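Right, one structure below, let's go through it.
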Amino acid sequence: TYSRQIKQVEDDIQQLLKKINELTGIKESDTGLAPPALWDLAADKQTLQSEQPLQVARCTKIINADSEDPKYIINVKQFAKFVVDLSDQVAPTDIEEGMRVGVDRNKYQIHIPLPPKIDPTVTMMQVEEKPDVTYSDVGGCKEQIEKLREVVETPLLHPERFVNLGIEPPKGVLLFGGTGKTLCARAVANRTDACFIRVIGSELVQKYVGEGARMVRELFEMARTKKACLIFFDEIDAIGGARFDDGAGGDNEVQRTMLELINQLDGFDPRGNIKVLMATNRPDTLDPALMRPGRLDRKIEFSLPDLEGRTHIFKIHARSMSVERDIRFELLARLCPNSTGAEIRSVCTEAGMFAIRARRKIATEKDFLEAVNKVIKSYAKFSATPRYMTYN
Amino acid sequence: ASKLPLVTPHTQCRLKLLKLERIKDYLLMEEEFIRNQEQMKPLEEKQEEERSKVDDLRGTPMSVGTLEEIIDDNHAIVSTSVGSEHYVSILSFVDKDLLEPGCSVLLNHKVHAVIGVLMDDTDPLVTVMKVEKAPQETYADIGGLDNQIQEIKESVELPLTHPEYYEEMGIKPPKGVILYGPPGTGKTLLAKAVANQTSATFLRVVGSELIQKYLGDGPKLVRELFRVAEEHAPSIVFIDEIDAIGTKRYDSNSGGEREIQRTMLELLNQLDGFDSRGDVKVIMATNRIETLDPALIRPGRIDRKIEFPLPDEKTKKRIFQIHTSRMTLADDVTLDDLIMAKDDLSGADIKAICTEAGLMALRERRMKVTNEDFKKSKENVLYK
Amino acid sequence: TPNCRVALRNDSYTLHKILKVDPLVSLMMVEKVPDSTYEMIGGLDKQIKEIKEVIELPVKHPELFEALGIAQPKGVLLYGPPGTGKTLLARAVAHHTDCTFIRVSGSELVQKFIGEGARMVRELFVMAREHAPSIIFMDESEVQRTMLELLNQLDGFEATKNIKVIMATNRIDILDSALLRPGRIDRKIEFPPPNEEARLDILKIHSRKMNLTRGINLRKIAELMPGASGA
Amino acid sequence: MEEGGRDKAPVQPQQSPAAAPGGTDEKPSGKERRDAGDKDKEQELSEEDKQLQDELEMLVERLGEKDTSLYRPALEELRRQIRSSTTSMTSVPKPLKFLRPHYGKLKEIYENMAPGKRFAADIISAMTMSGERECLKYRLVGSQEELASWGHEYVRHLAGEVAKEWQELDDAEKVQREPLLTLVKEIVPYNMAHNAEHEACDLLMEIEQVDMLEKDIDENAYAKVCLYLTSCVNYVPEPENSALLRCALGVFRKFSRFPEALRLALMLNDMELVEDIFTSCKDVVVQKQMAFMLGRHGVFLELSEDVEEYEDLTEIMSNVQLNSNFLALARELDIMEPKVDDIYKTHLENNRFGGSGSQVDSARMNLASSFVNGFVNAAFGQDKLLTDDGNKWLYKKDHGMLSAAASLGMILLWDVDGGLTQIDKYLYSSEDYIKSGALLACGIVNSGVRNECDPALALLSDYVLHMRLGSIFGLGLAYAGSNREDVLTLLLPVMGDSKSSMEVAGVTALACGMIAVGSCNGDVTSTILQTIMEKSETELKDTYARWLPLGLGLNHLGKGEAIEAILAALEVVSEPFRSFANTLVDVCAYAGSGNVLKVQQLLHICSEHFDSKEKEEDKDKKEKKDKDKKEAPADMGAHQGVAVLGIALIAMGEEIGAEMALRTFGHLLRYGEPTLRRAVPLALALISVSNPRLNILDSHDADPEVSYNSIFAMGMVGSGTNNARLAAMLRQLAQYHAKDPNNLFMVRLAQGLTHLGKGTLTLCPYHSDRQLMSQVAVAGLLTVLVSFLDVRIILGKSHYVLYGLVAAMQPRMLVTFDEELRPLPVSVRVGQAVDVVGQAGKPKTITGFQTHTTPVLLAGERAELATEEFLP
Ligand SMILES: Nc1ncnc2c1ncn2[C@@H]1O[C@H](COP(=O)(O)OP(=O)(O)OP(O)(O)=S)[C@@H](O)[C@H]1O
Ligand SMILES: Nc1ncnc2c1ncn2[C@@H]1O[C@H](COP(=O)(O)OP(=O)(O)OP(O)(O)=S)[C@@H](O)[C@H]1O
Ligand SMILES: Nc1ncnc2c1ncn2[C@@H]1O[C@H](COP(=O)(O)OP(=O)(O)O)[C@@H](O)[C@H]1O
Ligand SMILES: [Mg+2]
Ligand SMILES: [Mg+2]
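Chains as they are written, first to last, in the deposited numbering: chain A, 40 to 216, 219 to 433; chain B, 46 to 429; chain C, 109 to 127, 130 to 250, 267 to 357; chain f, 1 to 116, 119 to 127, 130 to 344, 346 to 401, 403 to 472, 477 to 708, 714 to 807, 809 to 875, 877 to 889.
Listed below in structure tokens is the structure:
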């Protein structure tokens, strides 16, 4: 009954909230000033502290040194090099060569080393977040999930169960086969904890020469700096087919990066706390030198799940949608000659859309019939299957 | 604003107004605290004072910053226009939140300390596909098939406007959408009407332009493009005629398939990224679908797959009606004896004949379009 | 305003006072195409009629095109032998309506002005709708794909008007069907090799600029050149 | 726009209203039959909601306004039948015959006589007039005039008839007007109204008892003392009388236990004890009565029918906790939880981030080293010899041997299996803090168990040892879930001793005061006597204010009676630094509601005063009390504090807003949200050592998070700065607190919907103890580890006789449906339809399926789920 009064007491006190907010100050929305009622910290001291007793210590690169006397050699970006000296106020040691340090603008002397170079383009793969997949819903890989987990997590989880026996754990593994190669990788990507990184190798084809190699090198650098890391490789078919080259120099930029990468695991003080898995579309024409033992230990495969895992998937991608409560899902798989669980979820979706088509809520056998026959035979013509059934 | 989203009754009960007057009480109390702090203790104006001292400290010549690294101990390394970097400090008043490598920052003059940041005038590339306005009319203007059309309606418009129906169904909507048919049937125009109805972000670009005379860029272009698209809003991007990149070859291209393959590969990946797929749905439109890489046609990447047929003559009459409604034609219009000329003509041919006949009228400044004009029209437009 | 050169006292960097170019004009200076007008037309008459009908009409009469309720055109395409007036008439056509005469050869020395990287060429549209009474020209395979990238863009999507373009080529039967969509293109025009009267008048035109001798006989010479070209 | 010809209304509906005074006076027949015709003309061609541009409703108010005012007001003799036509034809346009302000003049046409919905049989929409009466006329007719003339004598049964009319007119959202006719009516005396309305509420229907339920309980969550005292027990008996399901008693009537009537709770327990039909709902109610909202229950149900119905008491007392123990032994075995410890591998990249590693070698890190065994081994991650982090430091920081033996209680958290077997090998050592932490674990392990583990059996072996300090800690802690007077008789002379060492007498009131919740003010009297004896002659360190006064409050909490005021506020009326102990219990008794009249005095009494080191302690505790009243706002103040405090105090503080404007959230909840959880980094990404940064330095929340990002970023930037000499405790204790188990996080006083289950008594000491320094290293490891032991944390179960079926689960988000169309929607998180026994879910309500019909709860977090499938 009190509509006008309630709405006006609503909006007028909202306007008063606005006015008292502005009394504080949220307007003058800036180009980089902190929240107006927050930055009052940097008022007198910090201001005249962060600046007056604080100097830049210009970023600086080392060259080499000499014993018994400081006499270090510096290198800087635009200015030349200088025979230089450090600061007593730091330990006289960790300013050795191949390192980035800070040096005041004026005295030209060292104060502190800085982390090695970064190239944030390479920082663009520290995935930082584990999504929400689980080995549960990826069934069928009954003798594959374990085959993975053993050479995937067990040593990290039990860095004793393989040690007292005095045997070294394996290192490398790759996937092949919409069989679920990426899905199985996502499931292994989440559940772990250590520093996980990946690179779509397609993001290495440059326009200059060698750049990809330098990037891969810095990647392995930050890897070795890490203490327990796992790298995943995605669809490296692009990273190089083979050195089949002939006459006219082509594709050479690729194979350069190829060999450079392939060095990065074999002999000559190898990685360490480092294992990996890649996956192909068509392994048919992948490099032999990668297949080499010590790089490519395991060969777990993703084929067509049989009907059993297929039945489990039929459970999986239907147990969260209104359906007939008494369907014989056996026949569903029975009319799934060759497919992926992706296609199972697809048939489910199509049936659901045919349900929401007119009115209903729960599903029927007939919905599944129309979903299958269409998805199967109407969508048969292309179906992308064969040339990968031969992996060619 | 954005005080409390619990205004659930939307009725004339005690709930709403009680919320309102209690927020009134707390607001009066906090405002009076803000008052009483200055009452005995003004100690400054703090309107433009806490800002005056900032301006004082913040270096008068605003030095273009360029973020490359982050040591958030209120001091990180920044560079210069030519890259004469140093290890300047940062301050509290900078809201150290959006710090990112490759950012427009503000540097002090003397010690080059971080005055602040700057927003990005963007983008000399987004605008090129950033949709301006509703370009065309309703689907009702198209007509002719309207069934698979309704299918696309369901697959695209229905989701956003009914984010409940699939929910009672308990299923997220499909992922992929695609058209295919002969040259001139309704794959781009249809998209036009789609956008006409929409209230979401929209872009347009052609696969043909994906190739670059250099090496490797096009892929990265695809990457960052998908990124930017995903970053914005409810959005559906579309590419027309990808098969172009898989059919021809331009000698200006540096290499050949040696980039086609990789680019298309990364492309296909970027629609099935293990990472957050985000709020994106994609349509397709190609003339030669049979010959492109079937790998893209994988279920999950592409879901709704719809044919585009030859419209029927009885509908060709409707197309005639379409492109003849709002023109002051002559009475002699016997459209049927004009429909059957090309036994497999296209809905574009209607517009063709119509506008051509109109031109014929304009040449002689006439108004109503007579039949012999249709004759000459069919003769010109088709016989070559 | 943007593109405003300014004076600035240097001690405290104080912006002090004010001082360039329109980049399209710089482009034109780079090109220096043969600016012309109708007077030098050699035997291109019905051609003139048609090109006028197609180009000038959809500028000053936006009510007529819909008084007819007919869709406006978008592009024009020509053909013929080596040098007959393909660009000659193109320049004049633009000239007699104040169309900012612009062309692109897919070059790069021109490219620095438009886009830093300028991955595509569509970026020229940023200036296209900036000086509306204007036209872009296309000469004589990538020219075809460029034609696609231009045509299919301002196709209802870019409702902006006053933008006309023309490709140039010979033996039209050798280009792609992507330029053969019965609706993708508006109309073409025929440019025949020079015959008697056209040859005579072109002589006439390219003679008046000379200090003749008493008695000329354009007629004889005209009876001699067997239609080699208009050049 | 045609007018004329067919316009009958400018003819017959024009003159007959206009000439009504020309046809009513000295005209008996021409008035009525034509007035009946006008009645039919307005009720026939207008009810069809097709032309709201009625020929009458848009033309008969042109002239018939003054004329109808000449008809009904000015005639004064509208007789029997003609006025049945007047109040049926002059009433449907009467909202439109007048301007907007009808809220005071729904009377002159209608109030002269009520026309016997007859002209509403075929049209849906003067109850506004009855509302006018109740809200203004009845208001100033019975403000202080409870009983008066006709203005109440008829108005009461008029409200009753229109109340029966709410749910009998259209059965649409007009039904939800009965609360809008019962509560605004006689604002305070809601009894005289709902006593009359509930009887009819029994006989109307048994389906609409839920919309009114949620509406009225939102009316009650925040409620005036009179409304909280009356309307609750007026909304209470709905399952008792209106319906026969009766199972909404336990978790929706406990709010009537402490504020309303300390005895109505046990009398309703008796009501349950009378209707024991049959087995399931009885168990459902009695379960939460012992281990999920209150105590003093495990000895309440041992009467003369002790086989399995009354013998359910031993179940609810110990064997329900033991059933959850088998749960945490088998299910937690199944899902992920092993015995233990990778958090040191976690901080492996702390050595290569920017320069040289191997520099952090902190010593007070040992405090967090006891946490590496306490927190990460909570909830049944039992171990053996893994306690080396609580053995080496146990044997190497004298005070640190209690943390190394209080982490053990967290190892076998809430256990009842082997305390007397895991503490034997680490008791006979006679190092004060080893035995202190071990004998305190003798109360930690069996906390909530309250069985024969340490009444006077474990910690009495350390109170015949007055080691002395913690001897009451674990002893009274095992009796937290108890209130047996025997223990208070056992350790009242602790404070009755007035020990020359205050280290025990201080928290003595915290230990003895917790076990009780009600009367017997002997505790309060003896404690205030000892206060004015020793807290008087002191204006120095707040131990006498951090430890002593809180027993008073925690013995008189949760009673909005204001009776405690003139009793205990008058008891600590003393010097200002003793008046620190004045207004605690004053505010200790209004947990979940909104009484902002109480809020303004939390700012009026002392805002800044410019506080020249005068009342910073008293104002810190003022802000502390302000942290209460908001713990359960039913989403009414969750923002109202995170905004008000951030704007006023944390922005404009002297010692309050720089050191005390943060613990608000720590007291509030452990939900997890970008509003206030990331807001603490705002004061935490800036250490600000100016004020005593161990205010800023001083993760108390549960519910494991992904906030590891900025924490580890700061730790990285903490290689050179952010020193560790004392903050090494800080970094990893904070890193261990939230994610102690991945589960065991639901202790934020939101049960059923928000019913308390506290939670409060055992916890309040810590977050009232960090005031401010001097106990971050020495005097704070009595309570930094194992303070709060009131943790009930899983809801999704089957719990039937067999646990045969897995479940029928479909968990969803918080509800927001208040007035909708039937049936009201439940929630939009319907995507996940699984069959898990998963974690509880902070913003969670679970909706089942599989034709179980849920005749158990339908609203208890242990859904027992009776079943029947009479739906073929
Ligand atoms: N065994 C499976 N169980 C459940 N879902 C599966 C299974 N295999 C495939 N899928 C579905 O397939 C989709 C993901 O397929 P991917 O893992 O990307 O395929 P892939 O084998 O890596 O093929 P490419 O490389 O993309 S051509 C998801 O919708 C999964 O649900
Ligand atoms: N079925 C139709 N109904 C009405 N107009 C049509 C129809 N089909 C084509 N047209 C007209 O002809 C134009 C061509 O349609 P488009 O959407 O370009 O077809 P398309 O098959 O995507 O063309 P291509 O193969 O890329 S050249 C439309 O913009 C309409 O003007
Ligand atoms: N019809 C014509 N009338 C006058 N001059 C012409 C004609 N055709 C060509 N020219 C001359 O040819 C030159 C420009 O060649 P143009 O016709 O523009 O080349 P193309 O059409 O082959 O690209 C100018 O010197 C111009 O005067
Ligand atoms: Mg894949
Ligand atoms: Mg098209």
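The C-beta atom is built at its ideal place from N, Cα and C for all residues, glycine as well.
Enclosing beta strand (DSSP E) for residue i [first to last residue]
| i | result |
| --- | --- |
| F833(f) | Neither: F833(f) is in no beta strand (DSSP E) and is coded neither H nor E. |
| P152(A) | 149-153 |
| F590(f) | No beta strand (DSSP E) contains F590(f), which DSSP labels as neither H nor E. |
| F211(C) | 210-213 |
| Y194(f) | Counting along the chain, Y194(f) falls outside any beta strand (DSSP E), and DSSP gives it neither H nor E. |
| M216(f) | Run containing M216(f): none in the beta strand (DSSP E); it sits in the alpha helix (DSSP H), 215-225. |
Those residues which DSSP pairs with residue i across a bridge
| i | result |
| --- | --- |
| residue 431(B) | Absent from the model: residue 431(B). The displayed extent of chain B is 46 to 429, so no value can be given. |
| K100(A) | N114(A), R139(A) |
| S843(f) | According to DSSP, which records beta bridges pairwise, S843(f) is partnered with nothing at all. |
| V251(B) | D285(B) |
| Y225(B) | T331(B) |
Whole-number beta carbon distance between residue j and residue i, since they are thought to touch under 8 Å
| i | j | result |
| --- | --- | --- |
| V239(B) | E311(B) | That belief does not hold up - the Cβ atoms of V239(B) and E311(B) are roughly 27 Å apart, past 8 Å. |
| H202(f) | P241(f) | 7 Å |
| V150(B) | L102(B) | That belief does not hold up - the Cβ atoms of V150(B) and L102(B) are roughly 16 Å apart, past 8 Å. |
| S375(f) | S413(f) | 5 Å |
| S584(f) | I542(f) | 7 Å |
Inter-residue Cα distance where the pair is residue i and residue j
| i | j | result |
| --- | --- | --- |
| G425(f) | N452(f) | 8 Å |
| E209(B) | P218(B) | 11 Å |
| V416(A) | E182(A) | 30 Å |
| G64(A) | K91(B) | 9 Å |
ask   = Should the stretch 57-76 of chain A be called in touch with the stretch 158-172 of chain B, which here means at least 3 C-beta pairs below 8 Å?
value = Cβ pair count under 8 Å is three or more, so yes.
request  = Could you tell me whether the stretch 849-864 of chain f touches the stretch 743-761 of chain f, where touching means 3 or more Cβ pairs closer than 8 Å?
outcome  = Verdict: yes, contact present.
request  = Determine contact between the stretch 80-94 of chain A and the stretch 126-140 of chain B, defined as no fewer than three beta-carbon pairs at a distance below 8 Å.
outcome  = Counting Cβ pairs under 8 Å, three or more are found: they touch.
Three CB pairs or more closer than 8 Å across the stretch 380-397 of chain A and the stretch 338-346 of chain B = These segments touch.
query = Is the number of C-beta pairs between the stretch 213-221 of chain f and the stretch 177-187 of chain f that are closer than 8 Å three or more?
reply = Yes, the stretch 213-221 of chain f touches the stretch 177-187 of chain f.
message = Three or more C-beta pairs under 8 Å: does that hold for the stretch 144-159 of chain B against the stretch 85-95 of chain A?
response = The stretch 85-95 of chain A and the stretch 144-159 of chain B touch, with three or more beta-carbon pairs separated by less than 8 Å.
query = Does the count of Cβ pairs from the stretch 147-157 of chain A and the stretch 355-362 of chain f closer than 8 Å reach three?
reply = By the Cβ criterion, the stretch 147-157 of chain A is in contact with the stretch 355-362 of chain f, since at least three pairs of Cβ atoms, one from each stretch, lie closer than 8 Å.
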